[PDB]
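Enquirer: Please find work-v2.cif (mmCIF, C-alpha atoms) on the next line:
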data_input
#
loop_
_atom_site.label_atom_id
_atom_site.label_comp_id
_atom_site.auth_asym_id
_atom_site.auth_seq_id
_atom_site.Cartn_x
_atom_site.Cartn_y
_atom_site.Cartn_z
CA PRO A 1 0.00 0.00 0.00
CA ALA A 2 1.94 3.01 -1.31
CA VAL A 3 -0.99 5.24 -0.46
CA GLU A 4 -0.31 5.17 3.31
CA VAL A 5 1.35 8.21 4.90
CA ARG A 6 1.39 8.66 8.71
CA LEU A 7 -0.07 11.73 10.31
CA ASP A 8 3.20 12.65 12.01
CA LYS A 9 5.15 12.43 8.71
CA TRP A 10 2.36 14.30 6.92
CA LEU A 11 2.35 17.19 9.42
CA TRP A 12 6.13 17.52 8.99
CA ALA A 13 5.85 17.28 5.18
CA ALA A 14 3.18 20.00 5.27
CA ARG A 15 5.63 22.07 7.39
CA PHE A 16 3.31 22.54 10.37
CA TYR A 17 6.06 21.40 12.76
CA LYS A 18 9.89 21.44 12.21
CA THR A 19 10.43 17.74 12.83
CA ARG A 20 8.34 14.60 12.86
CA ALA A 21 9.20 14.10 16.58
CA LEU A 22 7.70 17.46 17.37
CA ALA A 23 4.60 16.68 15.23
CA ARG A 24 4.36 13.40 17.21
CA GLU A 25 4.48 15.32 20.56
CA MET A 26 1.78 17.71 19.51
CA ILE A 27 -0.45 14.80 18.44
CA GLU A 28 0.12 13.00 21.77
CA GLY A 29 -0.54 16.25 23.66
CA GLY A 30 -3.93 16.31 21.93
CA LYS A 31 -2.86 19.58 20.21
CA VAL A 32 -3.68 18.11 16.80
CA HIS A 33 -7.12 16.60 16.20
CA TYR A 34 -8.14 14.44 13.19
CA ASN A 35 -11.83 14.77 12.26
CA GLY A 36 -12.55 16.32 15.59
CA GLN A 37 -10.84 13.78 17.82
CA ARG A 38 -7.59 12.82 19.45
CA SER A 39 -5.44 10.99 16.94
CA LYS A 40 -2.15 9.10 16.96
CA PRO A 41 1.18 9.47 15.19
CA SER A 42 0.63 6.34 13.02
CA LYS A 43 -2.82 7.36 11.77
CA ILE A 44 -2.91 7.07 7.98
CA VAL A 45 -3.92 10.38 6.46
CA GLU A 46 -6.96 10.49 4.16
CA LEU A 47 -7.73 13.15 1.55
CA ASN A 48 -10.34 15.71 2.77
CA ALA A 49 -9.84 14.91 6.44
CA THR A 50 -10.22 17.87 8.80
CA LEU A 51 -7.20 18.57 10.96
CA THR A 52 -7.29 21.16 13.78
CA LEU A 53 -3.87 22.03 15.07
CA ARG A 54 -2.08 24.45 17.34
CA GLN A 55 0.47 26.81 15.69
CA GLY A 56 2.35 28.50 18.54
CA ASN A 57 -0.74 30.08 20.02
CA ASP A 58 -2.76 30.08 16.78
CA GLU A 59 -5.38 27.50 15.92
CA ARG A 60 -5.79 26.47 12.32
CA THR A 61 -8.33 24.09 10.82
CA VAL A 62 -7.18 22.61 7.50
CA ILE A 63 -8.55 20.16 4.98
CA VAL A 64 -6.05 17.59 3.56
CA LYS A 65 -5.82 18.07 -0.25
CA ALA A 66 -2.71 15.91 -0.98
CA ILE A 67 -0.45 13.23 0.57
CA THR A 68 3.31 12.99 0.19
CA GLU A 69 6.40 11.90 2.12
CA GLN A 70 8.54 14.78 0.99
CA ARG A 71 8.92 18.02 2.93
CA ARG A 72 9.16 20.63 0.14
CA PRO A 73 9.79 24.41 0.37
CA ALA A 74 7.79 26.98 2.38
CA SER A 75 5.39 28.05 -0.39
CA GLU A 76 5.39 24.56 -1.99
CA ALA A 77 4.48 22.32 0.96
CA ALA A 78 1.72 24.79 1.88
CA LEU A 79 -0.13 23.23 -1.12
CA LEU A 80 -0.89 19.85 0.66
CA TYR A 81 -3.86 21.43 2.44
CA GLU A 82 -6.45 24.22 2.35
CA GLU A 83 -7.12 26.11 5.57
CA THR A 84 -10.89 26.65 6.03
CA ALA A 85 -12.29 30.13 5.47
CA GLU A 86 -13.74 29.97 8.98
CA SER A 87 -10.29 29.13 10.32
CA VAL A 88 -8.58 32.03 8.47
CA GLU A 89 -11.26 34.47 9.71
CA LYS A 90 -10.97 33.34 13.30
CA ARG A 91 -7.22 33.74 13.21
CA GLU A 92 -7.49 37.20 11.62
CA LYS A 93 -10.09 38.47 14.03
CA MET A 94 -8.00 37.39 16.98
CA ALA A 95 -4.94 39.07 15.45
CA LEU A 96 -6.91 42.30 14.83
CA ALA A 97 -8.39 42.39 18.33
CA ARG A 98 -4.84 41.88 19.58
CA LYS A 99 -3.59 44.90 17.62
CA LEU A 100 -6.66 46.79 18.93
CA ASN A 101 -6.21 46.25 22.66
CA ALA A 102 -2.70 47.37 21.74
CA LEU A 103 -3.61 50.82 20.36
CA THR A 104 -5.50 51.37 23.62
#
Any chance you could put this one into structure tokens?

Expert:
Amino acid sequence: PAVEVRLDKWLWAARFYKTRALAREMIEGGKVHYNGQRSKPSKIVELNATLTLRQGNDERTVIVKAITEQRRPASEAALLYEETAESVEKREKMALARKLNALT
């Protein structure tokens, strides 16, 4: 089955975490959810799955659009998923509010 890529490898390939070991720690900390639930490092990624993950102190919800074992460049990896519009908005709004409480 050459259509089986682990969630920890995937998260690293997609550049969400610097190393697979870190991606594995985040998963085990419950900081990454797969279709709304705790997952595991060895979970095989499926196209269109919904992943919710912690980025520093940001939360992003992305939909898996491609699977690969290669970690490509910044702009290139970024193409293995599509962040949801609701996720981008939530992030923005929190960022804005941050900059607001700042100018006050």

Enquirer: With the PyMOL selection byres ((chain A and resi 67-81) around 12) as the selection, what would be picked from this file? Answer as a count of residues only, please.

Expert: 38

Enquirer: Pick out the closest residue to residue 37 of chain A from this set: A:53, A:95, A:21, A:85. Count only C-alpha atoms.

Expert: A:53

Enquirer: Separation of atom CA of residue 54 of chain A and atom CA of residue 93 of chain A, in Å?

Expert: 16.5 Å

Enquirer: As lines of an AutoDock Vina configuration file, please: the centre and edge lengths in Å, to one decimal, of an axis-aligned box enclosing every listed atom of segment 87-90 of chain A with 4 Å added on each side.

Expert:
center_x = -9.9
center_y = 31.8
center_z = 10.9
size_x = 10.7
size_y = 13.3
size_z = 12.8

Enquirer: Would you compute the distance between atom CA of residue 103 of chain A and atom CA of residue 89 of chain A? Give it in Å to one decimal.

Expert: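 Spanning atom CA of residue 103 of chain A to atom CA of residue 89 of chain A is a straight-line distance of 21.0 Å.
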
Enquirer: Report, in Å to a single decimal, how far apart atom CA of residue 59 of chain A and atom CA of residue 101 of chain A are.

Expert: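 Separating atom CA of residue 101 of chain A from atom CA of residue 59 of chain A is a distance of 19.9 Å.
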
Enquirer: Kindly add N, CA and C atoms to the incomplete segment 52-77 of chain A and provide the output as a PDB file, keeping the file's coordinate frame.

Expert:
ATOM      1  N   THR A  52      -7.260  19.924  12.974  1.00  0.00           N
ATOM      2  CA  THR A  52      -7.290  21.160  13.780  1.00  0.00           C
ATOM      3  C   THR A  52      -5.984  21.055  14.543  1.00  0.00           C
ATOM      4  N   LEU A  53      -5.170  22.094  14.421  1.00  0.00           N
ATOM      5  CA  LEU A  53      -3.870  22.030  15.070  1.00  0.00           C
ATOM      6  C   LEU A  53      -3.457  23.372  15.617  1.00  0.00           C
ATOM      7  N   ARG A  54      -2.629  23.290  16.647  1.00  0.00           N
ATOM      8  CA  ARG A  54      -2.080  24.450  17.340  1.00  0.00           C
ATOM      9  C   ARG A  54      -0.777  24.897  16.648  1.00  0.00           C
ATOM     10  N   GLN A  55      -0.706  26.185  16.318  1.00  0.00           N
ATOM     11  CA  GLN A  55       0.470  26.810  15.690  1.00  0.00           C
ATOM     12  C   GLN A  55       0.941  27.872  16.694  1.00  0.00           C
ATOM     13  N   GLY A  56       1.898  27.535  17.554  1.00  0.00           N
ATOM     14  CA  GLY A  56       2.350  28.500  18.540  1.00  0.00           C
ATOM     15  C   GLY A  56       1.129  28.717  19.403  1.00  0.00           C
ATOM     16  N   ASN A  57       0.483  29.871  19.267  1.00  0.00           N
ATOM     17  CA  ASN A  57      -0.740  30.080  20.020  1.00  0.00           C
ATOM     18  C   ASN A  57      -1.952  30.283  19.097  1.00  0.00           C
ATOM     19  N   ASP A  58      -1.736  29.990  17.813  1.00  0.00           N
ATOM     20  CA  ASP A  58      -2.760  30.080  16.780  1.00  0.00           C
ATOM     21  C   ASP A  58      -3.437  28.717  16.623  1.00  0.00           C
ATOM     22  N   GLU A  59      -4.687  28.737  16.194  1.00  0.00           N
ATOM     23  CA  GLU A  59      -5.380  27.500  15.920  1.00  0.00           C
ATOM     24  C   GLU A  59      -5.702  27.591  14.442  1.00  0.00           C
ATOM     25  N   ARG A  60      -5.484  26.494  13.733  1.00  0.00           N
ATOM     26  CA  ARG A  60      -5.790  26.470  12.320  1.00  0.00           C
ATOM     27  C   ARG A  60      -6.561  25.193  12.051  1.00  0.00           C
ATOM     28  N   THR A  61      -7.577  25.280  11.193  1.00  0.00           N
ATOM     29  CA  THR A  61      -8.330  24.090  10.820  1.00  0.00           C
ATOM     30  C   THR A  61      -8.059  23.944   9.333  1.00  0.00           C
ATOM     31  N   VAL A  62      -7.468  22.823   8.909  1.00  0.00           N
ATOM     32  CA  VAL A  62      -7.180  22.610   7.500  1.00  0.00           C
ATOM     33  C   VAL A  62      -7.799  21.312   6.978  1.00  0.00           C
ATOM     34  N   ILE A  63      -7.998  21.297   5.667  1.00  0.00           N
ATOM     35  CA  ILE A  63      -8.550  20.160   4.980  1.00  0.00           C
ATOM     36  C   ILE A  63      -7.376  19.559   4.178  1.00  0.00           C
ATOM     37  N   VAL A  64      -7.151  18.252   4.303  1.00  0.00           N
ATOM     38  CA  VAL A  64      -6.050  17.590   3.560  1.00  0.00           C
ATOM     39  C   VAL A  64      -6.435  17.498   2.053  1.00  0.00           C
ATOM     40  N   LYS A  65      -5.608  18.064   1.207  1.00  0.00           N
ATOM     41  CA  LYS A  65      -5.820  18.070  -0.250  1.00  0.00           C
ATOM     42  C   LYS A  65      -4.806  17.156  -0.997  1.00  0.00           C
ATOM     43  N   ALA A  66      -3.711  16.795  -0.334  1.00  0.00           N
ATOM     44  CA  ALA A  66      -2.710  15.910  -0.980  1.00  0.00           C
ATOM     45  C   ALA A  66      -1.898  15.156   0.071  1.00  0.00           C
ATOM     46  N   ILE A  67      -1.321  14.010  -0.313  1.00  0.00           N
ATOM     47  CA  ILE A  67      -0.450  13.230   0.570  1.00  0.00           C
ATOM     48  C   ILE A  67       0.905  13.047  -0.090  1.00  0.00           C
ATOM     49  N   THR A  68       1.958  13.087   0.710  1.00  0.00           N
ATOM     50  CA  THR A  68       3.310  12.990   0.190  1.00  0.00           C
ATOM     51  C   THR A  68       4.220  12.629   1.365  1.00  0.00           C
ATOM     52  N   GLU A  69       5.455  12.238   1.064  1.00  0.00           N
ATOM     53  CA  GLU A  69       6.400  11.900   2.120  1.00  0.00           C
ATOM     54  C   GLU A  69       7.534  12.874   2.116  1.00  0.00           C
ATOM     55  N   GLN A  70       7.506  13.777   1.143  1.00  0.00           N
ATOM     56  CA  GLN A  70       8.540  14.780   0.990  1.00  0.00           C
ATOM     57  C   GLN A  70       8.171  16.104   1.645  1.00  0.00           C
ATOM     58  N   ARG A  71       9.135  16.726   2.333  1.00  0.00           N
ATOM     59  CA  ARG A  71       8.920  18.020   2.930  1.00  0.00           C
ATOM     60  C   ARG A  71       9.525  18.961   1.879  1.00  0.00           C
ATOM     61  N   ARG A  72       8.688  19.707   1.168  1.00  0.00           N
ATOM     62  CA  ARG A  72       9.160  20.630   0.140  1.00  0.00           C
ATOM     63  C   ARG A  72       9.287  22.042   0.707  1.00  0.00           C
ATOM     64  N   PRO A  73       9.649  23.038  -0.130  1.00  0.00           N
ATOM     65  CA  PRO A  73       9.790  24.410   0.370  1.00  0.00           C
ATOM     66  C   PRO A  73       8.560  25.171   0.883  1.00  0.00           C
ATOM     67  N   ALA A  74       8.833  26.151   1.746  1.00  0.00           N
ATOM     68  CA  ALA A  74       7.790  26.980   2.380  1.00  0.00           C
ATOM     69  C   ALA A  74       6.496  27.156   1.593  1.00  0.00           C
ATOM     70  N   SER A  75       6.576  27.805   0.436  1.00  0.00           N
ATOM     71  CA  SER A  75       5.390  28.050  -0.390  1.00  0.00           C
ATOM     72  C   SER A  75       4.864  26.745  -1.036  1.00  0.00           C
ATOM     73  N   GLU A  76       5.766  25.827  -1.357  1.00  0.00           N
ATOM     74  CA  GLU A  76       5.390  24.560  -1.990  1.00  0.00           C
ATOM     75  C   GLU A  76       4.643  23.551  -1.104  1.00  0.00           C
ATOM     76  N   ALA A  77       5.160  23.271   0.088  1.00  0.00           N
ATOM     77  CA  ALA A  77       4.480  22.320   0.960  1.00  0.00           C
ATOM     78  C   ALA A  77       3.057  22.824   1.155  1.00  0.00           C
TER      79      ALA A  77
END
